[PDB]
Structures are given as C-alpha cells and as structure tokens.
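Visitor: So that you have it, the file is run_30.pdb, and it contains PDB, N, CA and C atoms and all ligand atoms:
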ATOM      1  N   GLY N   1     -12.693 -20.111   2.322
ATOM      2  CA  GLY N   1     -11.500 -20.024   1.501
ATOM      3  C   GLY N   1     -11.231 -21.302   0.731
ATOM      4  N   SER N   2     -12.167 -21.677  -0.133
ATOM      5  CA  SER N   2     -12.030 -22.890  -0.930
ATOM      6  C   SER N   2     -10.811 -22.804  -1.845
ATOM      7  N   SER N   3     -10.667 -21.670  -2.522
ATOM      8  CA  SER N   3      -9.548 -21.461  -3.433
ATOM      9  C   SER N   3      -8.223 -21.779  -2.747
ATOM     10  N   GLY N   4      -7.139 -21.724  -3.515
ATOM     11  CA  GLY N   4      -5.826 -22.009  -2.966
ATOM     12  C   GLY N   4      -5.069 -20.751  -2.592
ATOM     13  N   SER N   5      -4.700 -20.639  -1.321
ATOM     14  CA  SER N   5      -3.971 -19.473  -0.835
ATOM     15  C   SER N   5      -2.815 -19.127  -1.769
ATOM     16  N   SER N   6      -2.795 -17.884  -2.238
ATOM     17  CA  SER N   6      -1.747 -17.426  -3.144
ATOM     18  C   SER N   6      -1.789 -15.909  -3.300
ATOM     19  N   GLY N   7      -0.626 -15.313  -3.547
ATOM     20  CA  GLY N   7      -0.550 -13.873  -3.712
ATOM     21  C   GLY N   7      -0.910 -13.124  -2.446
ATOM     22  N   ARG N   8       0.092 -12.848  -1.617
ATOM     23  CA  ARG N   8      -0.127 -12.134  -0.364
ATOM     24  C   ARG N   8       0.511 -10.748  -0.410
ATOM     25  N   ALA N   9      -0.189  -9.800  -1.022
ATOM     26  CA  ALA N   9       0.307  -8.435  -1.132
ATOM     27  C   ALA N   9       0.222  -7.710   0.206
ATOM     28  N   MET N  10       0.836  -6.533   0.277
ATOM     29  CA  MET N  10       0.828  -5.740   1.501
ATOM     30  C   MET N  10      -0.394  -4.828   1.550
ATOM     31  N   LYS N  11      -0.795  -4.448   2.758
ATOM     32  CA  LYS N  11      -1.949  -3.576   2.942
ATOM     33  C   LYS N  11      -1.521  -2.211   3.473
ATOM     34  N   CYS N  12      -1.992  -1.153   2.823
ATOM     35  CA  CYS N  12      -1.660   0.206   3.229
ATOM     36  C   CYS N  12      -2.078   0.460   4.674
ATOM     37  N   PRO N  13      -1.198   1.123   5.438
ATOM     38  CA  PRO N  13      -1.454   1.444   6.846
ATOM     39  C   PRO N  13      -2.541   2.500   7.011
ATOM     40  N   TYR N  14      -2.647   3.392   6.032
ATOM     41  CA  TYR N  14      -3.646   4.454   6.070
ATOM     42  C   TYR N  14      -5.016   3.929   5.652
ATOM     43  N   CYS N  15      -5.107   3.457   4.413
ATOM     44  CA  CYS N  15      -6.359   2.925   3.888
ATOM     45  C   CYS N  15      -6.235   1.433   3.591
ATOM     46  N   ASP N  16      -7.290   0.860   3.021
ATOM     47  CA  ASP N  16      -7.299  -0.559   2.684
ATOM     48  C   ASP N  16      -6.890  -0.775   1.230
ATOM     49  N   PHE N  17      -5.735  -0.233   0.859
ATOM     50  CA  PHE N  17      -5.232  -0.365  -0.503
ATOM     51  C   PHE N  17      -4.046  -1.325  -0.555
ATOM     52  N   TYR N  18      -4.062  -2.221  -1.535
ATOM     53  CA  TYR N  18      -2.991  -3.198  -1.694
ATOM     54  C   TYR N  18      -1.985  -2.738  -2.745
ATOM     55  N   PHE N  19      -0.716  -3.057  -2.519
ATOM     56  CA  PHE N  19       0.345  -2.678  -3.446
ATOM     57  C   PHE N  19       1.413  -3.764  -3.524
ATOM     58  N   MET N  20       2.454  -3.506  -4.310
ATOM     59  CA  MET N  20       3.543  -4.461  -4.472
ATOM     60  C   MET N  20       4.130  -4.852  -3.119
ATOM     61  N   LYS N  21       4.498  -6.122  -2.984
ATOM     62  CA  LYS N  21       5.074  -6.624  -1.742
ATOM     63  C   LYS N  21       5.925  -5.553  -1.064
ATOM     64  N   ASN N  22       7.039  -5.201  -1.698
ATOM     65  CA  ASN N  22       7.938  -4.189  -1.156
ATOM     66  C   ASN N  22       8.520  -3.326  -2.272
ATOM     67  N   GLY N  23       8.212  -2.033  -2.234
ATOM     68  CA  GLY N  23       8.712  -1.121  -3.247
ATOM     69  C   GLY N  23       8.552   0.333  -2.848
ATOM     70  N   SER N  24       9.513   1.162  -3.242
ATOM     71  CA  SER N  24       9.477   2.583  -2.916
ATOM     72  C   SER N  24       8.349   3.284  -3.669
ATOM     73  N   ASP N  25       7.666   2.536  -4.527
ATOM     74  CA  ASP N  25       6.563   3.083  -5.308
ATOM     75  C   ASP N  25       5.305   3.217  -4.454
ATOM     76  N   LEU N  26       5.235   2.430  -3.387
ATOM     77  CA  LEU N  26       4.086   2.458  -2.489
ATOM     78  C   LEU N  26       4.163   3.654  -1.544
ATOM     79  N   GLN N  27       5.281   3.771  -0.836
ATOM     80  CA  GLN N  27       5.480   4.871   0.101
ATOM     81  C   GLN N  27       4.810   6.144  -0.403
ATOM     82  N   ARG N  28       5.012   6.447  -1.681
ATOM     83  CA  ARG N  28       4.427   7.638  -2.286
ATOM     84  C   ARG N  28       2.948   7.758  -1.933
ATOM     85  N   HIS N  29       2.213   6.664  -2.108
ATOM     86  CA  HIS N  29       0.786   6.646  -1.808
ATOM     87  C   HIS N  29       0.533   7.012  -0.350
ATOM     88  N   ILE N  30       1.485   6.674   0.514
ATOM     89  CA  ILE N  30       1.364   6.968   1.937
ATOM     90  C   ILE N  30       1.465   8.467   2.198
ATOM     91  N   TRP N  31       2.598   9.052   1.825
ATOM     92  CA  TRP N  31       2.819  10.481   2.018
ATOM     93  C   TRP N  31       1.630  11.290   1.511
ATOM     94  N   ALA N  32       0.917  10.738   0.535
ATOM     95  CA  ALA N  32      -0.245  11.408  -0.035
ATOM     96  C   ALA N  32      -1.371  11.520   0.987
ATOM     97  N   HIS N  33      -1.507  10.496   1.824
ATOM     98  CA  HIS N  33      -2.545  10.480   2.849
ATOM     99  C   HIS N  33      -2.412  11.684   3.776
ATOM    100  N   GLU N  34      -1.173  12.085   4.043
ATOM    101  CA  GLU N  34      -0.911  13.223   4.916
ATOM    102  C   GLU N  34      -1.212  14.537   4.203
ATOM    103  N   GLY N  35      -0.463  14.814   3.141
ATOM    104  CA  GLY N  35      -0.664  16.038   2.387
ATOM    105  C   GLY N  35       0.596  16.499   1.682
ATOM    106  N   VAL N  36       1.350  15.548   1.138
ATOM    107  CA  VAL N  36       2.587  15.864   0.433
ATOM    108  C   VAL N  36       2.305  16.314  -0.996
ATOM    109  N   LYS N  37       3.239  17.065  -1.569
ATOM    110  CA  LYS N  37       3.095  17.560  -2.933
ATOM    111  C   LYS N  37       3.700  16.581  -3.933
TER     112      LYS N  37
HETATM  113 ZN    ZN N 101      -3.608   4.234   1.516
END
Go through the file and emit its structure as structure tokens.

Guide:
Amino acid sequence: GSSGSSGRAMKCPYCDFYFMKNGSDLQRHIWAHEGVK
C-alpha cells in the first residue's frame, strides 16, 4: 500500500460491490440480490 490511504467506501454484504458511504440508493442493490421487483 505505497499510495496514500483515501476514499473508504462501503462494501455490499451480498456481493463485493462498492457504493456511496451511506445512502438509500444502495439498499436498492441489496433487495435485488434477494428477488425484489
Ligand atoms: Zn451486492
């Protein structure tokens, strides 16, 4: 890790997908993992 630590986004609980720190826009991606419309 030579570079400088910066930008620590959140990691999806289902898959290894990163999204905005905290936002209701992510949850959507979650419900999708299950089978929501
Ligand atoms: Zn995911």

Visitor: If you count only N, CA and C atoms and all ligand atoms, which residues end up within 8 Å of ligand ZN 101 (chain N), as a list in words?

Guide: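 For ligand ZN 101 (chain N), the residues inside 8 Å are residues 11, 12, 13, 14, 15, 16, 17, 18, 29, 30, 31, 32 and 33 of chain N.
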
Visitor: Taking the file as I've supplied it (selection: the PyMOL selection byres (((chain N and resi 20 and name CA) around 10) and not hetatm and name CA)), which residues are included? Please answer as a PyMOL selection string.

Guide: chain N and resi 8-11+18-19+21-26

Visitor: Export N, CA and C atoms of the chosen residues as a PDB file, in the frame of the given file?

Guide:
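Dumped everything to part.pdb:
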ATOM      1  N   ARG N   8       0.092 -12.848  -1.617  1.00  0.00           N
ATOM      2  CA  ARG N   8      -0.127 -12.134  -0.364  1.00  0.00           C
ATOM      3  C   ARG N   8       0.511 -10.748  -0.410  1.00  0.00           C
ATOM      4  N   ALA N   9      -0.189  -9.800  -1.022  1.00  0.00           N
ATOM      5  CA  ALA N   9       0.307  -8.435  -1.132  1.00  0.00           C
ATOM      6  C   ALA N   9       0.222  -7.710   0.206  1.00  0.00           C
ATOM      7  N   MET N  10       0.836  -6.533   0.277  1.00  0.00           N
ATOM      8  CA  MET N  10       0.828  -5.740   1.501  1.00  0.00           C
ATOM      9  C   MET N  10      -0.394  -4.828   1.550  1.00  0.00           C
ATOM     10  N   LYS N  11      -0.795  -4.448   2.758  1.00  0.00           N
ATOM     11  CA  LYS N  11      -1.949  -3.576   2.942  1.00  0.00           C
ATOM     12  C   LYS N  11      -1.521  -2.211   3.473  1.00  0.00           C
ATOM     13  N   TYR N  18      -4.062  -2.221  -1.535  1.00  0.00           N
ATOM     14  CA  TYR N  18      -2.991  -3.198  -1.694  1.00  0.00           C
ATOM     15  C   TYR N  18      -1.985  -2.738  -2.745  1.00  0.00           C
ATOM     16  N   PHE N  19      -0.716  -3.057  -2.519  1.00  0.00           N
ATOM     17  CA  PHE N  19       0.345  -2.678  -3.446  1.00  0.00           C
ATOM     18  C   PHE N  19       1.413  -3.764  -3.524  1.00  0.00           C
ATOM     19  N   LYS N  21       4.498  -6.122  -2.984  1.00  0.00           N
ATOM     20  CA  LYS N  21       5.074  -6.624  -1.742  1.00  0.00           C
ATOM     21  C   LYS N  21       5.925  -5.553  -1.064  1.00  0.00           C
ATOM     22  N   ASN N  22       7.039  -5.201  -1.698  1.00  0.00           N
ATOM     23  CA  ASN N  22       7.938  -4.189  -1.156  1.00  0.00           C
ATOM     24  C   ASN N  22       8.520  -3.326  -2.272  1.00  0.00           C
ATOM     25  N   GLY N  23       8.212  -2.033  -2.234  1.00  0.00           N
ATOM     26  CA  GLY N  23       8.712  -1.121  -3.247  1.00  0.00           C
ATOM     27  C   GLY N  23       8.552   0.333  -2.848  1.00  0.00           C
ATOM     28  N   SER N  24       9.513   1.162  -3.242  1.00  0.00           N
ATOM     29  CA  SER N  24       9.477   2.583  -2.916  1.00  0.00           C
ATOM     30  C   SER N  24       8.349   3.284  -3.669  1.00  0.00           C
ATOM     31  N   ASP N  25       7.666   2.536  -4.527  1.00  0.00           N
ATOM     32  CA  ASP N  25       6.563   3.083  -5.308  1.00  0.00           C
ATOM     33  C   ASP N  25       5.305   3.217  -4.454  1.00  0.00           C
ATOM     34  N   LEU N  26       5.235   2.430  -3.387  1.00  0.00           N
ATOM     35  CA  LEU N  26       4.086   2.458  -2.489  1.00  0.00           C
ATOM     36  C   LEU N  26       4.163   3.654  -1.544  1.00  0.00           C
TER      37      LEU N  26
END

Visitor: If you measure from atom C of residue 7 of chain N to atom CA of residue 27 of chain N, what distance in Å do you get, rounded to one decimal?

Guide: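 Distance reported for this atom pair: 19.3 Å.
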
Visitor: Per DSSP on the backbone, what are the strand (DSSP E or B) residues of chain N, as a PyMOL selection string?

Guide: chain N and resi 10-11+18-19

Visitor: Please define a box with edges along x, y and z of the file around all atoms of segment 30-37 of chain N given in the file, extend it by 3 Å on each side, and return its centre and edge lengths in Å to one decimal, as AutoDock Vina command-line options.

Guide:
--center_x 0.6 --center_y 12.1 --center_z 0.5 --size_x 12.2 --size_y 16.9 --size_z 14.8

Visitor: DSSP says alpha helix (DSSP H) for which residues of chain N? Put them as a VMD selection string?

Guide: chain N and resid 24 to 34
